[PDB]
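Pasted below: structure.txt, compact mmCIF, C-alpha atoms and all ligand atoms.
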```txt
# COMPACT_ATOMS: atom_id res chain seq x y z
CA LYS I 349 -3.09 -7.91 21.81
CA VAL I 350 -2.85 -4.29 20.41
CA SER I 351 0.97 -4.80 20.16
CA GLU I 352 0.09 -8.32 18.78
CA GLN I 353 -2.22 -6.69 16.13
CA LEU I 354 0.62 -4.20 15.27
CA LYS I 355 3.01 -7.25 15.24
CA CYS I 356 0.54 -8.86 12.73
CA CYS I 357 0.65 -5.58 10.66
CA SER I 358 4.48 -6.02 10.34
CA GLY I 359 3.79 -9.59 9.05
CA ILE I 360 1.20 -8.30 6.50
CA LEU I 361 3.85 -5.84 5.12
CA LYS I 362 6.48 -8.69 5.03
CA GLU I 363 4.03 -10.75 2.88
CA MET I 364 3.26 -7.79 0.53
CA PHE I 365 7.08 -7.25 0.09
CA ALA I 366 7.72 -11.03 -0.47
CA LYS I 367 9.15 -12.48 -3.75
CA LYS I 368 5.87 -14.47 -4.32
CA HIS I 369 3.95 -11.17 -4.99
CA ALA I 370 6.82 -9.10 -6.57
CA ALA I 371 5.39 -9.44 -10.16
CA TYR I 372 2.40 -7.16 -9.16
CA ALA I 373 3.61 -5.53 -5.85
CA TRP I 374 6.70 -3.71 -7.32
CA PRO I 375 4.86 -0.42 -8.28
CA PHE I 376 3.79 0.03 -4.58
CA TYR I 377 7.27 -0.53 -2.97
CA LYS I 378 8.39 3.17 -3.13
CA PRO I 379 6.73 6.63 -3.55
CA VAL I 380 5.81 7.76 -7.13
CA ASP I 381 8.84 9.64 -8.63
CA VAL I 382 6.86 12.63 -10.08
CA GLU I 383 9.99 14.20 -11.73
CA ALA I 384 11.33 10.95 -13.33
CA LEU I 385 7.84 10.05 -14.79
CA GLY I 386 6.67 13.67 -15.51
CA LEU I 387 3.43 13.14 -13.51
CA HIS I 388 3.05 16.90 -12.72
CA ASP I 389 -0.76 16.34 -12.14
CA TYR I 390 -0.20 13.66 -9.40
CA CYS I 391 0.11 16.12 -6.42
CA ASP I 392 -3.10 17.95 -7.65
CA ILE I 393 -5.22 14.71 -7.86
CA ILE I 394 -3.63 12.71 -4.95
CA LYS I 395 -3.60 14.97 -1.82
CA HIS I 396 -2.25 12.13 0.45
CA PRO I 397 0.26 9.93 -1.46
CA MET I 398 1.13 6.57 0.21
CA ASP I 399 3.39 3.55 -0.59
CA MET I 400 4.67 0.40 1.19
CA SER I 401 8.11 1.85 2.21
CA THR I 402 6.33 4.90 3.81
CA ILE I 403 3.90 2.53 5.67
CA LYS I 404 6.91 0.39 6.83
CA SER I 405 8.70 3.55 8.16
CA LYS I 406 5.47 4.72 9.96
CA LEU I 407 5.00 1.22 11.55
CA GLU I 408 8.71 1.23 12.68
CA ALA I 409 8.20 4.80 14.12
CA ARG I 410 4.94 3.76 15.98
CA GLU I 411 2.80 6.27 13.96
CA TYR I 412 -0.15 3.75 13.97
CA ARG I 413 -2.15 3.51 17.26
CA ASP I 414 -3.78 0.21 16.09
CA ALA I 415 -4.31 -2.15 13.08
CA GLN I 416 -7.23 0.05 11.80
CA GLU I 417 -4.82 3.05 11.33
CA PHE I 418 -2.28 0.76 9.52
CA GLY I 419 -5.14 -0.66 7.36
CA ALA I 420 -6.30 2.92 6.51
CA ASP I 421 -2.84 3.75 5.00
CA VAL I 422 -2.74 0.44 3.01
CA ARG I 423 -6.26 1.22 1.63
CA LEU I 424 -5.21 4.88 0.95
CA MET I 425 -2.31 3.51 -1.20
CA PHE I 426 -4.76 1.33 -3.27
CA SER I 427 -7.47 4.09 -3.42
CA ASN I 428 -4.85 6.61 -4.75
CA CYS I 429 -3.96 4.06 -7.51
CA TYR I 430 -7.69 3.56 -8.45
CA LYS I 431 -8.34 7.36 -8.37
CA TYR I 432 -5.34 8.56 -10.47
CA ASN I 433 -4.90 5.84 -13.16
CA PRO I 434 -7.24 4.93 -16.05
CA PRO I 435 -9.30 1.88 -14.96
CA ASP I 436 -7.72 -0.32 -17.74
CA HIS I 437 -4.07 0.56 -16.76
CA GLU I 438 -1.93 -2.52 -15.84
CA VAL I 439 -1.12 -0.85 -12.44
CA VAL I 440 -4.87 -0.99 -11.47
CA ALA I 441 -4.96 -4.80 -12.13
CA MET I 442 -1.72 -5.09 -10.05
CA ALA I 443 -3.30 -2.99 -7.21
CA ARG I 444 -6.31 -5.41 -7.16
CA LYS I 445 -4.01 -8.52 -7.00
CA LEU I 446 -1.97 -7.01 -4.10
CA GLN I 447 -5.17 -5.78 -2.33
CA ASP I 448 -6.49 -9.42 -2.56
CA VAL I 449 -3.33 -10.51 -0.60
CA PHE I 450 -3.73 -7.67 1.96
CA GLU I 451 -7.52 -8.05 2.54
CA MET I 452 -7.27 -11.87 3.09
CA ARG I 453 -4.44 -11.46 5.68
CA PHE I 454 -5.97 -8.35 7.36
CA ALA I 455 -9.33 -10.23 7.76
CA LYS I 456 -7.62 -13.17 9.58
CA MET I 457 -5.81 -10.95 12.17
CA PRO I 458 -6.43 -12.57 15.61
CA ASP I 459 -8.27 -10.54 18.36
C1 LIG P 1 9.72 1.86 -9.53
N1 LIG P 1 8.90 2.43 -10.58
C2 LIG P 1 7.58 2.52 -10.48
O1 LIG P 1 6.97 2.12 -9.50
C3 LIG P 1 6.84 3.12 -11.66
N2 LIG P 1 5.42 3.24 -11.40
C4 LIG P 1 4.54 2.21 -11.96
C5 LIG P 1 4.40 2.33 -13.48
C6 LIG P 1 3.86 1.07 -14.14
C7 LIG P 1 3.09 0.15 -13.43
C8 LIG P 1 2.62 -0.99 -14.05
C9 LIG P 1 2.90 -1.24 -15.37
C10 LIG P 1 3.67 -0.35 -16.08
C11 LIG P 1 4.15 0.80 -15.47
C12 LIG P 1 3.57 3.56 -13.83
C13 LIG P 1 4.17 4.71 -14.33
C14 LIG P 1 3.41 5.82 -14.65
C15 LIG P 1 2.04 5.80 -14.49
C16 LIG P 1 1.43 4.66 -13.98
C17 LIG P 1 2.19 3.55 -13.66
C18 LIG P 1 5.05 4.25 -10.59
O2 LIG P 1 5.86 5.05 -10.14
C19 LIG P 1 3.60 4.41 -10.21
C20 LIG P 1 2.85 5.44 -10.77
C21 LIG P 1 1.52 5.63 -10.42
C22 LIG P 1 0.72 6.74 -11.05
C23 LIG P 1 0.96 4.76 -9.47
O3 LIG P 1 -0.35 4.94 -9.09
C24 LIG P 1 -0.50 5.81 -7.98
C25 LIG P 1 1.70 3.74 -8.87
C26 LIG P 1 1.09 2.81 -7.85
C27 LIG P 1 3.02 3.58 -9.26
```

Spit out the file's structure as C-alpha cells when you get a sec.
Amino acid sequence: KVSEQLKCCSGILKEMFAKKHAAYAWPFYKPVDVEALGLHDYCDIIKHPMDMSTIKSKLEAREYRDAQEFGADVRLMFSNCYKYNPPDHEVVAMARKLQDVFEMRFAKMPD
C-alpha cells in the first residue's frame, strides 16, 4: 500500500519519461548544465535544484518515505522552473504541460 504508492510513483516517472510527452518533457530529464548554458545566477536563485533523473535515482535509492515526499520533489522541479525563468519563456509552457500529466496521474494514485 505504501510500497504500492511508491510503485505507482515509479509508474508516474515512466509516463513523464515516455515518448508521448518528450516534445515538452525533455528540458526536465537531466540537471541544468550551468557551465554549458552560462547560467551563473541559477545556484543563487534556485537553492534546491531538481530534475527527473535525480528523482528517479532517489526513488531507486529509497530516499522517499511515501508518495507525498516523491510528489514534493516533482513539484520542486516545476516550482524552480516557474521561479527562475521569465513567465513567457517556452520552458514555462513546457513545465505546465508536463505538470498537467503529473498532477492527473498523482491524483488517481490508489489508497
Ligand atoms: C538538455 N538541455 C536542456 O535541458 C536545456 N535547458 C532547457 C532550455 C530550453 C527549454 C525550452 C526551450 C528552449 C530552450 C533552456 C536553456 C536556458 C534557459 C532556459 C531554458 C535547460 O538546461 C534548462 C534550463 C532552465 C533554466 C530550466 O529551468 C529551471 C530548465 C527546466 C531546463

My list of candidates is I:391, I:385, I:420, I:446. Which is closest to ligand LIG 1 (chain P) when distances are computed with all atoms listed in the file?
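Answer, going by the shortest atom-to-atom distance: I:385.
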
As a quick test: using only C-alpha atoms and all ligand atoms, which residues lie no more than 12 Å away from ligand LIG 1 (chain P)? Give them as a VMD selection string.
chain I and resid 370 to 391 393 to 401 422 424 to 444 446 to 447

Quick one, how far is atom CA of residue I:367 from atom CA of residue I:353?
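Atom CA of residue I:353 lies 23.6 Å from atom CA of residue I:367.
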
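Checking I:449, I:416, I:456, I:352 one by one against residue I:365, counting only C-alpha atoms, you find the shortest gap at I:449.
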
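With atom CA of residue I:358 on one side and atom CA of residue I:421 on the other, the separation reads 13.3 Å.
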
Which value, in Å to one decimal, gives the distance between atom CA of residue I:415 and atom CA of residue I:356?
8.3 Å

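Between residue I:411 and the residues I:455, I:360, I:354, I:366, the shortest atom-to-atom distance, using all atoms listed in the file, involves I:354.
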
Since the input lacks atoms, please generate N, CA and C atoms for stretch 389-404 of chain I and provide them as a PDB file, in the frame of the given file.
```pdb
ATOM      1  N   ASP I 389       0.667  16.259 -12.557  1.00  0.00           N
ATOM      2  CA  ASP I 389      -0.760  16.340 -12.140  1.00  0.00           C
ATOM      3  C   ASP I 389      -1.002  15.485 -10.887  1.00  0.00           C
ATOM      4  N   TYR I 390      -0.027  14.670 -10.482  1.00  0.00           N
ATOM      5  CA  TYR I 390      -0.200  13.660  -9.400  1.00  0.00           C
ATOM      6  C   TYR I 390      -0.507  14.369  -8.073  1.00  0.00           C
ATOM      7  N   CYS I 391       0.248  15.411  -7.725  1.00  0.00           N
ATOM      8  CA  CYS I 391       0.110  16.120  -6.420  1.00  0.00           C
ATOM      9  C   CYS I 391      -1.207  16.916  -6.381  1.00  0.00           C
ATOM     10  N   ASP I 392      -1.783  17.250  -7.540  1.00  0.00           N
ATOM     11  CA  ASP I 392      -3.100  17.950  -7.650  1.00  0.00           C
ATOM     12  C   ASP I 392      -4.242  16.965  -7.376  1.00  0.00           C
ATOM     13  N   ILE I 393      -4.140  15.739  -7.898  1.00  0.00           N
ATOM     14  CA  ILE I 393      -5.220  14.710  -7.860  1.00  0.00           C
ATOM     15  C   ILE I 393      -5.125  13.906  -6.561  1.00  0.00           C
ATOM     16  N   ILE I 394      -3.906  13.554  -6.150  1.00  0.00           N
ATOM     17  CA  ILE I 394      -3.630  12.710  -4.950  1.00  0.00           C
ATOM     18  C   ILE I 394      -3.072  13.607  -3.839  1.00  0.00           C
ATOM     19  N   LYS I 395      -3.936  14.009  -2.906  1.00  0.00           N
ATOM     20  CA  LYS I 395      -3.600  14.970  -1.820  1.00  0.00           C
ATOM     21  C   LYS I 395      -2.775  14.247  -0.745  1.00  0.00           C
ATOM     22  N   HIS I 396      -2.948  12.931  -0.593  1.00  0.00           N
ATOM     23  CA  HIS I 396      -2.250  12.130   0.450  1.00  0.00           C
ATOM     24  C   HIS I 396      -1.600  10.906  -0.196  1.00  0.00           C
ATOM     25  N   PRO I 397      -0.451  11.068  -0.893  1.00  0.00           N
ATOM     26  CA  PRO I 397       0.260   9.930  -1.460  1.00  0.00           C
ATOM     27  C   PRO I 397       0.686   8.923  -0.379  1.00  0.00           C
ATOM     28  N   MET I 398       0.723   7.642  -0.734  1.00  0.00           N
ATOM     29  CA  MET I 398       1.130   6.570   0.210  1.00  0.00           C
ATOM     30  C   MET I 398       1.711   5.398  -0.588  1.00  0.00           C
ATOM     31  N   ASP I 399       2.668   4.700   0.020  1.00  0.00           N
ATOM     32  CA  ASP I 399       3.390   3.550  -0.590  1.00  0.00           C
ATOM     33  C   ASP I 399       3.862   2.641   0.545  1.00  0.00           C
ATOM     34  N   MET I 400       4.342   1.451   0.199  1.00  0.00           N
ATOM     35  CA  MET I 400       4.670   0.400   1.190  1.00  0.00           C
ATOM     36  C   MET I 400       5.886   0.777   2.035  1.00  0.00           C
ATOM     37  N   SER I 401       6.900   1.426   1.458  1.00  0.00           N
ATOM     38  CA  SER I 401       8.110   1.850   2.210  1.00  0.00           C
ATOM     39  C   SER I 401       7.738   2.922   3.239  1.00  0.00           C
ATOM     40  N   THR I 402       6.833   3.837   2.888  1.00  0.00           N
ATOM     41  CA  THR I 402       6.330   4.900   3.810  1.00  0.00           C
ATOM     42  C   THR I 402       5.563   4.232   4.953  1.00  0.00           C
ATOM     43  N   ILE I 403       4.685   3.273   4.643  1.00  0.00           N
ATOM     44  CA  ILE I 403       3.900   2.530   5.670  1.00  0.00           C
ATOM     45  C   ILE I 403       4.871   1.793   6.599  1.00  0.00           C
ATOM     46  N   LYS I 404       5.890   1.135   6.044  1.00  0.00           N
ATOM     47  CA  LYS I 404       6.910   0.390   6.830  1.00  0.00           C
ATOM     48  C   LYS I 404       7.588   1.348   7.812  1.00  0.00           C
TER      49      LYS I 404
END
```
